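Working notes, beginning with the structure itself.
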2 protein chains.
Amino acid sequence: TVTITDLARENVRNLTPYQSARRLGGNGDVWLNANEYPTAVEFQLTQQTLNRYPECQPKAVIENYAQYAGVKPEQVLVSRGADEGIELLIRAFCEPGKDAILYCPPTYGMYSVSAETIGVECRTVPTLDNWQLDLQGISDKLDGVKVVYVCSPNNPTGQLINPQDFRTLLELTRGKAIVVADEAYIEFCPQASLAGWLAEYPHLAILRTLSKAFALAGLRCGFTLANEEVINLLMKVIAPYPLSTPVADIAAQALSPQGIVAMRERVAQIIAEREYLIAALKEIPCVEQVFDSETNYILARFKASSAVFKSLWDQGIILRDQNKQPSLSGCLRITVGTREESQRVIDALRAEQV
Amino acid sequence: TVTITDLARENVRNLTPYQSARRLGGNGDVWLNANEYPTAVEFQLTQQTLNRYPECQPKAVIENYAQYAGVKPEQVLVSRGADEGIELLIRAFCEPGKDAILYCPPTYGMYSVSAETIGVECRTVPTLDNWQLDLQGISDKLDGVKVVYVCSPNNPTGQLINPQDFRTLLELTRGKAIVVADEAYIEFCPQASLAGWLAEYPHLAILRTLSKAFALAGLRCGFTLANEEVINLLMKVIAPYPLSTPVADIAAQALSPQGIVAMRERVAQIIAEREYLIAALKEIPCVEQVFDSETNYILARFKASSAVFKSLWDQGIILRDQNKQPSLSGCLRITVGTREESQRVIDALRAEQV
Ligand SMILES: *Cc1c(COP(=O)(O)O)cnc(C)c1O
Ligand SMILES: *Cc1c(COP(=O)(O)O)cnc(C)c1O
């Protein structure tokens with residue numbers, strides 16, 4: 001007798017699906033756990049052509065994004081969020097059971113999830129104490145590695161990776177592996193993007209998204225920026241129609257010049273609010289340390305983090321626990337929402353302090 | 001010196017991407033090449049929550065579909081079209097380089113495309129002369145096979161697969177492989193669905209879509225119907241957020257009771273129009289034979305098919321060439337559109353006849 005489960009691939013039977021969920025519908029009122037823009041930006045459909053298939057790579061979207069990012073349109077690929085971008089890279093360059101990817105914890109969990117689901121070895125090299133790259137460590141473990149992911153600014157720690165070190169990492173991987181800079185949060189520190197580096201690195205790829213600064217996580221729309229050769233290789237493994245018409249429709253609107261202007265005003269907003277929360281947190285008794293941030297979230301180390309986490313959780317204030325992340329013992333990640341929401345966190349944290 | 005291309009997986013470098021495209025914007029006026037409903041059905045967004053991530057499996061969608069299909073909600077999975085459903089199945093049960101899938105040409109090209117892109121052997125067993133299953137042939141080639149795809153009604157031939165043979169196929173794969181019935185066109189012959197067979201076959205999976213009868217190809221929304229055990233296994237390999245909010249929003253509307261009522265009226269419409277075109281075609285001189293259809297498209301064998309195809313193509317009448325499909329030499333697939341469109345085809349075909 002054979003069960004359906006016995007027919008499933010070994011790795012599929014043993015893996016643990018990504019822990020993104022942690023809901024409590026109608027239970028909590030303050031959501032600061034997913035790094036989402038705190039307020040809804042409305043968009044209405046303009047293309048009533050739903051009976052016809054869309055273009056594999058909607059032209060308006062690709063062009064509007066290329067324009068915004070300062071790259072050529074043939075250097076842009078649009079997918080169902082950065083999540084799909086992460087997948088495509090592995091799908092195109094990593095031979096299952098032979099090649100490996102490499103990332104440096106503590107960082108985003110999707111790199112690992114995709115490789116493990118697909119069947120590609122996950123090589124890890126923890127970042128240093130300040131979360132910068134352990135360059136020497138990476139140099140000793142590139143054998144068999146085809147793709148290297150590096151998040152900058154990094155989630156959940158918040159800091160930018162030393163560009164000087166990216167230079168080094170790019171040199172170590174030249175002719176050996178693709179380096180993928182996850183710039184999910186680059187909108188908050190646009191001047192640190194590596195997008196202008198494409199002309200000197202044929203193996204550099206960049207992940208972008210509309211789920212954060214752009215306040216359109218609901219659209220599940222993201223992009224990959226890379227040289228022609230890389231984009232075309234990725235186009236060979238992508239689904240024929242990855243983007244729905246309604247998403248292409250509104251994404252193109254969100255990327256219009258006026259759209260870009262509003263996105264930037266949302267950024268200035270979050271940055272000013274972030275600096276407020278950062279200043280206040282450091283003064284709260286139960287707060288041991290607040291780490292610098294170039295994003296829309298703050299990592300802080302608390303006294304009895306689990307107790308604090310649970311207390312605020314029961315009060316409708318949902319944060320993201322980082323307690324099990326390597327080196328982040330006692331840390332919680334706080335998303336930057338509105339002034340009201342930041343005040344809720346502050347007032348709740350002040351109620352602890354034992 | 002190593003090129004980026006040298007870093008790509010071997011199979012990725014050698015594969016040929018699916019041939020779905022064949023556009024000529026503003027050149028042709030009659031589109032009958034993609035099996036799309038001929039007329040746009042409008043839908044407007046109702047959920048302005050785009051700044052927040054959606055549910056991995058939108059509850060309204062899953063439930064409305066389960067209700068429509070007559071199955072339990074825990075037996076339903078929603079994805080970015082049947083295309084993603086096809087992928088998920090392979091991703092969960094086929095070990096790259098070890099297991100294989102099996103399909104029977106001439107049929108849908110995505111099964112092969114996904115397996116080849118992922119790295120899974122494609123086993124083939126052509127259907128008999130009348131396109132029914134070569135049961136004996138399949139029985140001799142199941143070793144190493146984990147997933148079997150069978151399209152019914154079949155694309156591009158149009159006929160339903162003998163249910164009696166599905167019984168046989170399901171018995172041959174019991175405890176060895178998952179049988180996937182692609183019911184992309186079952187809406188046009190709903191009584192032939194295998195959806196009610198779930199209770200007796202733990203390895204049966206069914207592909208469904210909103211791109212055809214439902215006239216919402218633009219939404220890139222599809223489903224997989226299977227027993228709990230199978231759905232849960234597929235849920236372990238699916239992307240965290242496969243459906244965008246706008247798609248979940250409108251798909252749920254399209255699946256409301258009133259939505260179902262309209263879908264069925266679209267079906268009756270296409271069926272009546274199909275029978276018209278079928279009757280007329282058979283009388284046209286350049287038409288050698290018209291094959292029976294239980295879908296929204298007709299396969300017909302022509303005299304000098306390539307010449308006919310090109311002639312109509314230059315007149316703005318776009319059909320789908322099947323000339324390179326195994327056993328379909330001289331056949332073109334005609335999608336059923338409006339009465340006007342059918343008349344255009346008829347009048348154009350009558351202009352040939354040499
Ligand atoms: C949120 C986030 C993303 C975005 O993914 P999408 O699929 O585009 O929603 C990517 N990377 C990191 C590190 C993130 O935190
Ligand atoms: C059109 C079609 C589909 C539908 O795919 P979607 O991704 O849901 O648009 C599936 N199977 C066959 C055989 C088809 O012809």
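Just remember, in the structure tokens the first chain shown is A, the second B, etc., residues are 1-based per chain, and ligands are 1-based in the order shown.
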All residues having an atom within 6 Å of ligand 1 (only C-alpha atoms and all ligand atoms) as a list in words: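 Final answer, ordered by chain and number: residues 81, 82, 83, 108, 151, 155, 182, 184, 209, 211, 217, 220, 221 and 222 of chain A.
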Show me which bits of chain B are within 6 Å of chain A, counting only C-alpha atoms, as a ChimeraX atom specification. /B:2,8-9,17,37,40,42,48-54,92-93,95,175,215-220,236,244-245
Next, the residues of the selection above should be written as a compact mmCIF listing (two decimals), in the first residue's frame with C-alpha atoms.
# COMPACT_ATOMS: atom_id res chain seq x y z
CA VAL B 2 33.06 32.39 -18.99
CA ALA B 8 22.89 28.78 -17.07
CA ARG B 9 21.61 25.22 -16.60
CA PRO B 17 10.06 28.67 -24.94
CA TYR B 37 -14.47 34.26 -25.27
CA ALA B 40 -15.35 41.55 -23.02
CA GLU B 42 -16.63 44.17 -17.51
CA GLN B 48 -9.36 49.27 -2.16
CA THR B 49 -6.84 47.56 0.13
CA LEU B 50 -3.89 47.33 -2.25
CA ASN B 51 -1.36 48.43 0.38
CA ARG B 52 -1.86 45.18 2.34
CA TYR B 53 -0.79 41.68 1.26
CA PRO B 54 -3.64 39.39 0.15
CA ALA B 92 5.62 18.49 -5.86
CA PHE B 93 5.81 14.94 -7.23
CA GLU B 95 12.20 14.48 -8.71
CA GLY B 175 -0.32 3.86 -6.04
CA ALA B 215 -14.18 34.95 -20.43
CA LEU B 216 -11.53 36.14 -17.95
CA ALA B 217 -8.24 35.01 -19.46
CA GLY B 218 -7.04 38.46 -18.50
CA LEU B 219 -7.28 37.56 -14.83
CA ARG B 220 -4.78 34.70 -15.09
CA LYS B 236 3.66 23.24 0.31
CA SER B 244 -3.24 39.51 -6.41
CA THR B 245 -6.10 41.29 -4.62
If you measure from atom CA of residue B:173 to atom CA of residue B:207, what distance in Å do you get, rounded to one decimal?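 About the pair atom CA of residue B:173 and atom CA of residue B:207: they are 17.9 Å apart.
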Which residues are near residue A:299? Cut-off 7 Å, only C-alpha atoms, ignore same chain within fewer than 4 positions. Put them as a list in words. residues 156, 157, 158, 290, 291, 331, 332, 333 and 334 of chain A
Between atom CA of residue B:179 and atom CA of residue B:324, what is the distance in Å, rounded to a tenth?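 These two atoms are separated by 26.7 Å.
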Residues of stretch 76-132 of chain B in strand (DSSP E) according to DSSP, as a ChimeraX atom specification? /B:76-79,100-103,121-124
When DSSP works through the backbone of this structure, what residues of stretch 61-226 of chain A end up as helix (DSSP H, G or I), shown as a ChimeraX atom specification? /A:61-69,73-75,81-93,110-118,135-139,163-173,186-188,190-192,195-200,217-219
Would you mind listing what lies within 9 Å of residue B:111 as a count of residues only, with only C-alpha atoms counted and same-chain residues fewer than 4 positions away left out? 10
Just checking: using only C-alpha atoms and all ligand atoms, which residue out of B:339, B:264, B:301, B:208 ends up closest to ligand 2? B:208
Near-residue A:61 list (8 Å; only C-alpha atoms; drop same-chain fewer than 6 positions) as a PyMOL selection string: chain A and resi 78+248+251-252+255
List as a PyMOL selection string the protein and nucleic acid residues near residue B:163, meaning an atom at most 9 Å away when only C-alpha atoms are counted, but skip any in the same chain fewer than 5 places from it. chain B and resi 168+192+194
Smallest atom-to-atom distance to ligand 2: which of B:316, B:153, B:70, B:190, using only C-alpha atoms and all ligand atoms?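 Using only C-alpha atoms and all ligand atoms, the shortest distance to ligand 2 belongs to B:153.
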Would you kindly return, as a ChimeraX atom specification, each protein, DNA or RNA residue with an atom no farther than 12 Å from any atom of residue B:307, considering only C-alpha atoms and excluding same-chain residues fewer than 4 positions away? /B:286,302-303,311-314,321,323,330-332,349,352-354
